[PDB]
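A short write-up of the structure that comes next.
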There are 2 protein chains.
Amino acid sequence: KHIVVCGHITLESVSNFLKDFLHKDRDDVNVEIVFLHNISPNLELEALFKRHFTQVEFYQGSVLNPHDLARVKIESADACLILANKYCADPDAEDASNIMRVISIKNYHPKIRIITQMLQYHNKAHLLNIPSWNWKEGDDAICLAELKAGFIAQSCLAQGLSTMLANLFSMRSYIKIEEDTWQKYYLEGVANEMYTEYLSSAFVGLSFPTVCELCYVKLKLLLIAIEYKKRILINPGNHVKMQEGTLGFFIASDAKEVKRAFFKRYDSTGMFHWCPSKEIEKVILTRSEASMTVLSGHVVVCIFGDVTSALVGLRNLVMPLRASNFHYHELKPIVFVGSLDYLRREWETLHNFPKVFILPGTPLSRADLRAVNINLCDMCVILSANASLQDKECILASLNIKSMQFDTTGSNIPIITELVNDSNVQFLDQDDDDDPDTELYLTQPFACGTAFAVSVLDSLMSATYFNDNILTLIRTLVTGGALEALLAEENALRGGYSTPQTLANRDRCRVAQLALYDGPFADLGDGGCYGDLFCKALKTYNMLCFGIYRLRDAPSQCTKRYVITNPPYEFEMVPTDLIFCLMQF
Amino acid sequence: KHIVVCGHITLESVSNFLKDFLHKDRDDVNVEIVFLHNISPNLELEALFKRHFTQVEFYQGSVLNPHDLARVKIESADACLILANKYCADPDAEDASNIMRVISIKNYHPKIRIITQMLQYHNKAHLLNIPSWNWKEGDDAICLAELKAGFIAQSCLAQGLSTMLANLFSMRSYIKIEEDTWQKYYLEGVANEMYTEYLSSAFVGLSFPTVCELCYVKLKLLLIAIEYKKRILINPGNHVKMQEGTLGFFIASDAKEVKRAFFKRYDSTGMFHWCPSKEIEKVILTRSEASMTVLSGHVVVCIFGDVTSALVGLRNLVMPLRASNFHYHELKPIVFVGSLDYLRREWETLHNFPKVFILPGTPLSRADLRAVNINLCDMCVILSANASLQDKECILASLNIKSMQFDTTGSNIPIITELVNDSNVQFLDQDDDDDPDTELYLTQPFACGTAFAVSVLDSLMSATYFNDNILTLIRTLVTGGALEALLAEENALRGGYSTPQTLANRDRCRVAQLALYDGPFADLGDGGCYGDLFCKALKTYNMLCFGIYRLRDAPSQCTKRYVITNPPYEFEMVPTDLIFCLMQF
Ligand SMILES: [Ca+2]
Ligand SMILES: [Ca+2]
């Protein structure tokens, strides 16, 4: 078996792809990776590669040349992966180019699995027009815009989820730092990767909750979702019972570890909160009108950009924040602080969502910022519209906010800065240890969920090759809902009257972050074991706890909290801890 | 005798020119071709050429240099041909440049025959301002914009006509594929080229129809038009009788084969349907206003482009669709799906034509597409406004439409994609055999009239040198009407009250495609010979049948039909066949 990787192939992209391919995964001996570029050979740089991995071959040529496709033997190949220029000049033009490859690869041999990256959502739709494109077979398209947005959105609900859900996906091994610092605990979690496995015949008929306990208690495998016979269910309630050989998504250290588990108020779907399309000027707040309202528990997304910028795809940020699993009362209002000229062009996708607001002005003016009462928000998202040196602004905005005093203090505000250049992470937190060479996942600002780069998702490519499900899990988890045709035929979203079959869909779980201090399970804090809590939390409310969001201190000063994924049954808690979890509805 | 070729002379252009010059034509020994470029000599590449053809000489220099013109001896030369940069950066600038050459060549020696290519129609007019320019002598200008448009227009009336009328013009020989596939039948037709010949004294006084039968039955030469003594008549009625030595246009395999034939509701002209100039906003349909009307039997021309694009010259697409040979009832309404900003600038030429509509929006949104009820149209033209890699859009649009389901199916819609790069043909039909090297005329999508490139017309250059008439035939045939001064003085077109002399001009024949199933001559189908049908069809209704538009199957599935030009008197029909023909009025 062999695969064909093509599209934007750079030294950096190849090296990154190879790392993620061959780590803890069960078998790597099987697949030969054949890269196909059209750039200058650079035989020397390639020469060494071939020596380290005997599974790697380089050929130049186009994906649009029937001879070259035959030369690389695309027809026989297990799958073909099309890498995109994430940091492209014109995003629309890039997708346009990539779509053509898909068309071509399908033209040569239709029965091929194609994994492809997409920069803009709206373009992802086009892929369905291609005859040979099988959404139901292996063909899948990783939309970078929609996922980047969703990950940041999921952080508004539970701060730090973005980086927790990212480290979980990138294949990485255990490090075991000897000295006592947060690094130790953070990395002990990082060591995770999320694997797919079939449930043992033993579990058949049991309730998911009881199965989940057995897996965690008897095996130390944190189970999060089943694949009912098809639709997938994340943390089902106690009623769900196992159907012969069910497929389960586990979060364990190594791939071999998981083997052991074998012994009109709504959208047409009723998934998202629909609202009558509103005219943009009805939403625009004056600086005063905004300062008048004391907003809190809201999301302040402040975007830089002018009329001639790439569309960030704000649709995908608000959508998961408007899922039906939250009550209208619970919904967080969203305030965009940007240029009106920029906003309006994107606006057309958002008019349907409720509690959306625009305050024209720059994220660098405190006047605009004080007006929207940042001190009070649950999350402040800082985005840079697309030369990457010009993201200097985001750092400035971030630093600005940290140095305010509301009368609370600026440094204690939930911020999440989207960075374009992983190197720039050094700057946003100014007490951390800095080095340009140090990987992003290891930096403090990332560990805490203060920062997030498009870079992080590149790992998904290989990961979604191995398990189709993985990609459909995350997309489902991150965006709220998923179907595509209603969404595809029109980019504008249809809203309908609720049927008892639609009001039924509200039953999906939801991400939340909880405290031990006010907790019903509070008694466990102040020294109790996480293992003892987890089970209690599960059986009593059907809650899944998969992470502690601890302060970076074990004297006390800072508020910054870092992420610990899937801690062991014997893990000492503290009163200050917070719990990442999936609650029922 | 010798000729001077100048202007845009590339390796590709030269090789193409030489192929079309020296094939089946009666005598090639007579003419020496002298190329005059101004690019870097590249003596080596040229060296070989001179060795294959002893009729070819290369000289560098300008056409604007009196010395160089004398050196190439332009004054003695039979004719001078000016090739243009079809795939130019700025079309207007290219014509500007070419016109200057014409001016210069005329300045040096006025009594010269000049054949020249023009990219935009509006510029073609300017050539009349040049004193030495003789529209009545040999001087003729092949306007690429007007012909490309007309060929596509002619396909709306009879699908596949574009490629039938193209293969007919490019000098090509018989191939005789042994195996039974559509290629065989298609190529047996392709082997045609349309030649000019004088009628034998024998035919004098007979009716065209009876002459036509004799030519087809006794000689196997399909005759299509006479040149009455001057004006030319395509398929005249039975009344027209031969005047001594008449000139006739025949469609035969070889040039020597033809030798054997020797043994206010209207425009000022009353040629085209005039309508009071309408204000653009009166024509613009909302998406709703359009979805409201169930349009069918119409043409959906959907153009990509913004305000800063080259003008496609839509005038020339609608004009042949608005000829007076059709009743107002019979007229096909035209819907443009594009950017309003782009359209309005072109619009000013169209306000005069009736049943014209604009639906602002992109050909990639199904909303806009479903609104205009594509399922129902007789033809859907896909155009790309002018870097040629950016025609990727046309393929996308084409694929989009094929994958829709109206509730009919998307794949069964009459589409014609204008391609800029002959190579890209591979992509539009995804069941055909693909190879970049394979010539365009041989590709399935072209064989069927699904695709059409500006490339195809390059053959005309040499062909119109040999017979002035040929060019005036096609232009007359393709655009409906032809005179130039009324059209030239103002680009806007004058409409007048009809006189009985103008209402007389409506008598021109018309292209149409007919079925055997519903046919009056239906009985001949299901096994009968085409020869037996042809004559019957001619004598009974004065119809000329010149082609079968057969399905590509001889089990059944596909709807795609390919073109067979001038089939023999002994040709087996089928019920599924269609007939290309010229009907009377
Ligand atoms: Ca720092
Ligand atoms: Ca093809």
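How things are named: the first chain in the structure tokens is A, the next is B, and so on; residues count from 1 in each chain; ligands count from 1 in the order shown.
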
>> Taking 5 positions as the minimum chain separation for residues in the same chain, which residues sit within 9 Å of segment 509-517 of chain A when counting only C-alpha atoms? Answer as a ChimeraX atom specification.
In response: /A:154,157-159,161,234-237,325-326,477,480,522-526,549,574-585

Mind dumping the selected residues with N, CA, C and O atoms as a compact mmCIF listing (two decimals), in the first residue's frame?
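And here's result01.txt as it stands now:
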```
# COMPACT_ATOMS: atom_id res chain seq x y z
N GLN A 154 -15.06 27.06 20.79
CA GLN A 154 -15.12 26.10 21.88
C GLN A 154 -14.37 26.59 23.10
O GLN A 154 -14.67 26.16 24.21
N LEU A 157 -16.63 28.78 25.52
CA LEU A 157 -17.40 27.97 26.46
C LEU A 157 -16.50 27.44 27.58
O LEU A 157 -16.80 27.62 28.75
N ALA A 158 -15.40 26.81 27.20
CA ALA A 158 -14.43 26.34 28.17
C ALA A 158 -13.01 26.78 27.81
O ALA A 158 -12.37 26.20 26.92
N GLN A 159 -12.52 27.81 28.50
CA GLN A 159 -11.21 28.36 28.17
C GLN A 159 -10.12 27.31 28.30
O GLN A 159 -9.99 26.65 29.32
N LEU A 161 -9.92 24.85 26.06
CA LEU A 161 -10.36 23.73 25.25
C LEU A 161 -9.64 23.66 23.90
O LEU A 161 -9.24 22.58 23.47
N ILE A 234 -21.60 11.65 20.93
CA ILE A 234 -20.60 12.07 21.93
C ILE A 234 -21.19 12.12 23.35
O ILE A 234 -22.15 12.85 23.59
N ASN A 235 -20.60 11.35 24.27
CA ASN A 235 -21.13 11.17 25.63
C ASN A 235 -22.65 10.93 25.71
O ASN A 235 -23.38 11.77 26.24
N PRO A 236 -23.14 9.78 25.20
CA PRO A 236 -24.58 9.58 25.31
C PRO A 236 -25.04 9.39 26.75
O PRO A 236 -24.22 9.05 27.62
N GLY A 237 -26.32 9.64 27.01
CA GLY A 237 -26.92 9.42 28.33
C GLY A 237 -26.90 7.95 28.73
O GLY A 237 -26.43 7.10 27.97
N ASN A 325 -28.22 23.43 21.99
CA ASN A 325 -28.02 22.75 23.27
C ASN A 325 -27.96 23.72 24.43
O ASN A 325 -27.84 23.31 25.59
N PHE A 326 -28.03 25.01 24.12
CA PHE A 326 -28.05 26.06 25.14
C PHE A 326 -29.37 26.79 25.05
O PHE A 326 -29.91 26.97 23.95
N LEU A 477 -18.18 17.77 17.09
CA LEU A 477 -17.91 18.33 18.41
C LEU A 477 -17.74 19.85 18.40
O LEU A 477 -18.34 20.56 19.21
N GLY A 480 -20.94 22.26 16.64
CA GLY A 480 -22.28 22.06 17.18
C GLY A 480 -23.03 21.02 16.37
O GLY A 480 -23.40 19.98 16.89
N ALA A 522 -18.04 19.23 45.25
CA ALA A 522 -17.01 20.07 45.90
C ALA A 522 -16.21 19.36 46.99
O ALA A 522 -15.00 19.59 47.12
N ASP A 523 -16.89 18.52 47.76
CA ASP A 523 -16.31 17.77 48.87
C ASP A 523 -15.03 17.02 48.49
O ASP A 523 -14.13 16.87 49.32
N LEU A 524 -14.97 16.56 47.24
CA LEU A 524 -13.80 15.85 46.70
C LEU A 524 -12.56 16.74 46.59
O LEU A 524 -11.44 16.26 46.76
N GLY A 525 -12.76 18.03 46.31
CA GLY A 525 -11.67 19.00 46.26
C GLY A 525 -11.02 19.22 47.62
O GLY A 525 -11.57 18.82 48.65
N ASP A 526 -9.86 19.87 47.60
CA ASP A 526 -9.03 20.10 48.80
C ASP A 526 -8.19 18.88 49.18
O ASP A 526 -7.74 18.75 50.33
N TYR A 549 -8.29 22.10 34.58
CA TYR A 549 -7.71 23.36 34.08
C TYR A 549 -7.08 24.12 35.24
O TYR A 549 -7.58 25.15 35.68
N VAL A 574 -7.16 20.13 44.00
CA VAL A 574 -6.93 21.35 44.77
C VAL A 574 -8.29 22.05 44.75
O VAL A 574 -9.13 21.73 43.91
N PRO A 575 -8.55 22.99 45.68
CA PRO A 575 -9.79 23.77 45.55
C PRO A 575 -9.82 24.66 44.29
O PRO A 575 -10.90 24.89 43.73
N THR A 576 -8.65 25.13 43.87
CA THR A 576 -8.53 26.11 42.78
C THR A 576 -8.80 25.50 41.40
O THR A 576 -8.95 26.23 40.43
N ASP A 577 -8.85 24.17 41.32
CA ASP A 577 -9.00 23.48 40.04
C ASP A 577 -10.32 23.76 39.32
O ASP A 577 -11.31 24.12 39.96
N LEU A 578 -10.30 23.59 38.00
CA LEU A 578 -11.50 23.67 37.16
C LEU A 578 -11.62 22.40 36.33
O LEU A 578 -10.61 21.75 36.03
N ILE A 579 -12.84 22.05 35.95
CA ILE A 579 -13.09 20.79 35.25
C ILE A 579 -13.65 20.95 33.84
O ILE A 579 -14.73 21.51 33.63
N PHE A 580 -12.89 20.45 32.86
CA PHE A 580 -13.38 20.35 31.51
C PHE A 580 -14.33 19.17 31.49
O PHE A 580 -13.99 18.11 32.00
N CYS A 581 -15.51 19.34 30.92
CA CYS A 581 -16.49 18.26 30.88
C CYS A 581 -17.58 18.42 29.84
O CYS A 581 -17.83 19.52 29.34
N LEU A 582 -18.22 17.31 29.52
CA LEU A 582 -19.36 17.29 28.61
C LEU A 582 -20.61 16.99 29.40
O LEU A 582 -20.82 15.86 29.85
N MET A 583 -21.44 18.01 29.59
CA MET A 583 -22.70 17.88 30.32
C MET A 583 -23.83 17.47 29.39
O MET A 583 -23.77 17.73 28.18
N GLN A 584 -24.86 16.85 29.95
CA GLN A 584 -26.05 16.45 29.19
C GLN A 584 -26.97 17.65 28.96
O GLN A 584 -26.60 18.79 29.24
N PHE A 585 -28.16 17.39 28.44
CA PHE A 585 -29.12 18.46 28.23
C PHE A 585 -30.45 18.20 28.95
O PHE A 585 -31.00 19.08 29.63
```

Determine, using only C-alpha atoms and all ligand atoms, which residues of chain A have any atom at most 10 Å from an atom of ligand 2, and tabulate each with its shortest atom pair and distance in Å to one decimal place, rows ordered by chain and then rising number, as a tab-separated table.
```
residue	atom	partner	partner_atom_place_in_ligand_line	distance
A:103	CA	ligand 2	1 (Ca)	9.3
A:104	CA	ligand 2	1 (Ca)	8.2
A:106	CA	ligand 2	1 (Ca)	9.0
A:107	CA	ligand 2	1 (Ca)	5.3
A:108	CA	ligand 2	1 (Ca)	7.4
A:109	CA	ligand 2	1 (Ca)	9.9
```

> Could you write out as a PyMOL selection string the residues of chain B within 12 Å of chain A, counting only C-alpha atoms?
Replying inline: chain B and resi 363-370+387+389-405+410-411+423-438

Using only N, CA and C atoms, please write the residues we just selected to a file, as a short mmCIF file (atom, residue, chain, number, x, y, z; two decimals), in the first residue's frame.
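Saved result, part.cif, follows:
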```cif
data_model
loop_
_atom_site.label_atom_id
_atom_site.label_comp_id
_atom_site.auth_asym_id
_atom_site.auth_seq_id
_atom_site.Cartn_x
_atom_site.Cartn_y
_atom_site.Cartn_z
N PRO B 363 -22.55 32.46 -11.56
CA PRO B 363 -22.90 31.17 -12.16
C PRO B 363 -22.55 29.96 -11.28
N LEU B 364 -21.95 30.21 -10.12
CA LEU B 364 -21.57 29.14 -9.21
C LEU B 364 -22.60 28.94 -8.10
N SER B 365 -23.49 29.91 -7.92
CA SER B 365 -24.56 29.78 -6.93
C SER B 365 -25.77 29.14 -7.59
N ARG B 366 -26.23 28.04 -7.00
CA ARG B 366 -27.37 27.31 -7.55
C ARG B 366 -28.66 28.08 -7.37
N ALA B 367 -28.71 28.91 -6.32
CA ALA B 367 -29.84 29.80 -6.10
C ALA B 367 -30.17 30.60 -7.36
N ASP B 368 -29.17 31.32 -7.87
CA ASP B 368 -29.32 32.10 -9.10
C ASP B 368 -29.66 31.19 -10.27
N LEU B 369 -29.03 30.02 -10.31
CA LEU B 369 -29.20 29.06 -11.40
C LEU B 369 -30.57 28.38 -11.42
N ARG B 370 -31.05 27.96 -10.24
CA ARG B 370 -32.37 27.36 -10.12
C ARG B 370 -33.45 28.38 -10.45
N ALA B 387 -2.52 33.70 -16.17
CA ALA B 387 -3.77 34.45 -16.15
C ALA B 387 -4.94 33.69 -16.80
N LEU B 389 -5.01 30.41 -16.50
CA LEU B 389 -5.23 29.47 -15.40
C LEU B 389 -6.50 29.84 -14.62
N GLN B 390 -6.79 31.15 -14.58
CA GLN B 390 -7.99 31.69 -13.94
C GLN B 390 -9.31 31.34 -14.65
N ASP B 391 -9.24 30.59 -15.76
CA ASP B 391 -10.44 30.02 -16.39
C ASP B 391 -10.93 28.75 -15.66
N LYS B 392 -10.17 28.35 -14.63
CA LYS B 392 -10.55 27.27 -13.68
C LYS B 392 -12.01 27.35 -13.28
N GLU B 393 -12.52 28.59 -13.19
CA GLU B 393 -13.92 28.90 -12.87
C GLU B 393 -14.92 28.24 -13.82
N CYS B 394 -14.68 28.32 -15.13
CA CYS B 394 -15.59 27.76 -16.13
C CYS B 394 -15.83 26.27 -15.94
N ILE B 395 -14.74 25.54 -15.70
CA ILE B 395 -14.79 24.12 -15.39
C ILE B 395 -15.68 23.91 -14.16
N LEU B 396 -15.41 24.64 -13.08
CA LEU B 396 -16.22 24.58 -11.86
C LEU B 396 -17.70 24.79 -12.10
N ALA B 397 -18.04 25.83 -12.86
CA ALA B 397 -19.43 26.14 -13.21
C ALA B 397 -20.04 24.98 -13.97
N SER B 398 -19.34 24.54 -15.01
CA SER B 398 -19.77 23.41 -15.82
C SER B 398 -20.06 22.18 -14.96
N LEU B 399 -19.13 21.83 -14.07
CA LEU B 399 -19.26 20.66 -13.20
C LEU B 399 -20.42 20.82 -12.23
N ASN B 400 -20.52 22.01 -11.64
CA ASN B 400 -21.65 22.41 -10.79
C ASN B 400 -23.00 22.02 -11.39
N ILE B 401 -23.26 22.55 -12.58
CA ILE B 401 -24.53 22.37 -13.27
C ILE B 401 -24.82 20.90 -13.56
N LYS B 402 -23.81 20.15 -13.99
CA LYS B 402 -23.96 18.72 -14.28
C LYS B 402 -24.38 17.91 -13.06
N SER B 403 -24.05 18.40 -11.87
CA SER B 403 -24.31 17.66 -10.63
C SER B 403 -25.55 18.11 -9.88
N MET B 404 -26.38 18.93 -10.52
CA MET B 404 -27.64 19.36 -9.94
C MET B 404 -28.72 18.34 -10.24
N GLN B 405 -29.81 18.39 -9.48
CA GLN B 405 -31.00 17.59 -9.78
C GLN B 405 -32.22 18.49 -9.65
N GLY B 410 -29.20 17.04 -13.84
CA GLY B 410 -28.16 18.01 -14.22
C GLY B 410 -27.27 17.67 -15.40
N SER B 411 -26.97 16.39 -15.56
CA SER B 411 -26.07 15.92 -16.62
C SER B 411 -26.66 16.03 -18.03
N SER B 423 -5.90 22.42 -23.71
CA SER B 423 -5.51 21.36 -22.77
C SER B 423 -6.58 21.07 -21.72
N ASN B 424 -7.26 22.11 -21.26
CA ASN B 424 -8.23 21.99 -20.17
C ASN B 424 -9.49 21.20 -20.51
N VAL B 425 -9.66 20.87 -21.79
CA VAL B 425 -10.84 20.15 -22.26
C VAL B 425 -10.99 18.83 -21.52
N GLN B 426 -9.85 18.22 -21.21
CA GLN B 426 -9.81 16.97 -20.47
C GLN B 426 -10.83 16.94 -19.33
N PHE B 427 -10.93 18.05 -18.61
CA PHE B 427 -11.65 18.11 -17.33
C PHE B 427 -13.18 18.13 -17.40
N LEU B 428 -13.76 18.79 -18.39
CA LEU B 428 -15.21 19.00 -18.38
C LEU B 428 -16.07 17.75 -18.49
N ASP B 429 -15.73 16.86 -19.42
CA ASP B 429 -16.34 15.54 -19.45
C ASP B 429 -15.38 14.58 -18.75
N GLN B 430 -15.90 13.81 -17.80
CA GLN B 430 -15.06 12.98 -16.93
C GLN B 430 -15.14 11.48 -17.19
N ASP B 431 -15.74 11.10 -18.32
CA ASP B 431 -15.73 9.70 -18.75
C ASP B 431 -14.89 9.47 -20.02
N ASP B 432 -14.42 10.56 -20.63
CA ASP B 432 -13.65 10.48 -21.87
C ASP B 432 -12.18 10.10 -21.64
N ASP B 433 -11.52 9.64 -22.70
CA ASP B 433 -10.08 9.34 -22.67
C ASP B 433 -9.26 10.62 -22.80
N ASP B 434 -8.36 10.84 -21.85
CA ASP B 434 -7.63 12.11 -21.75
C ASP B 434 -6.14 11.98 -22.05
N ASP B 435 -5.62 13.00 -22.73
CA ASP B 435 -4.20 13.14 -23.01
C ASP B 435 -3.98 14.59 -23.42
N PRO B 436 -3.01 15.28 -22.77
CA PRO B 436 -2.70 16.67 -23.11
C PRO B 436 -2.27 16.86 -24.56
N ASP B 437 -1.57 15.87 -25.12
CA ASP B 437 -1.02 15.94 -26.48
C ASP B 437 -2.08 15.79 -27.58
N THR B 438 -3.11 14.98 -27.31
CA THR B 438 -4.25 14.78 -28.21
C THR B 438 -4.87 16.10 -28.66
#
```

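If you count only C-alpha atoms and ignore residues fewer than 3 places along the chain from residue 567 of chain B, what sits within 9 Å of it is residues 185, 188, 189, 530, 531, 546, 547, 548, 564, 570 and 571 of chain B.
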
>> Using only C-alpha atoms, which protein or nucleic acid residues come within 7 Å of residue 162 of chain B? Drop anything in the same chain fewer than 2 positions from it, and give the result as a ChimeraX atom specification.
In response: /B:151-152,154-155,160,164-166,449

Selection export as a compact mmCIF listing (two decimals), in the first residue's frame, atoms kept: N, CA and C atoms:
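And here's result-v2.txt as it stands now:
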```
# COMPACT_ATOMS: atom_id res chain seq x y z
N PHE B 151 -20.43 31.35 -33.59
CA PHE B 151 -20.35 29.88 -33.60
C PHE B 151 -21.08 29.30 -32.39
N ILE B 152 -20.87 29.92 -31.24
CA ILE B 152 -21.54 29.52 -30.01
C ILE B 152 -23.04 29.80 -30.12
N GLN B 154 -24.80 29.88 -32.91
CA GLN B 154 -25.32 28.90 -33.85
C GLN B 154 -25.55 27.54 -33.19
N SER B 155 -24.82 27.29 -32.10
CA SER B 155 -25.02 26.07 -31.32
C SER B 155 -26.28 26.08 -30.46
N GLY B 160 -24.12 21.44 -31.37
CA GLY B 160 -23.07 20.72 -32.09
C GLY B 160 -22.67 21.40 -33.39
N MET B 164 -19.19 21.34 -35.78
CA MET B 164 -19.43 20.88 -37.14
C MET B 164 -18.94 21.91 -38.15
N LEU B 165 -19.24 23.17 -37.85
CA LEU B 165 -18.89 24.29 -38.69
C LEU B 165 -17.41 24.62 -38.57
N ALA B 166 -16.75 24.05 -37.57
CA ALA B 166 -15.34 24.30 -37.34
C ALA B 166 -14.45 23.27 -38.03
N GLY B 449 -19.85 19.27 -29.06
CA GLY B 449 -20.30 20.66 -29.01
C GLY B 449 -20.54 21.12 -27.59
```

> For the atom pair atom CA of residue 140 of chain A and atom CA of residue 79 of chain A, what is the interatomic distance in Å to one decimal place?
Replying inline: 11.0 Å

>> Give me, as a PyMOL selection string, the residues of segment 372-402 of chain B that a backbone DSSP run labels strand (DSSP E or B).
In response: chain B and resi 379-384
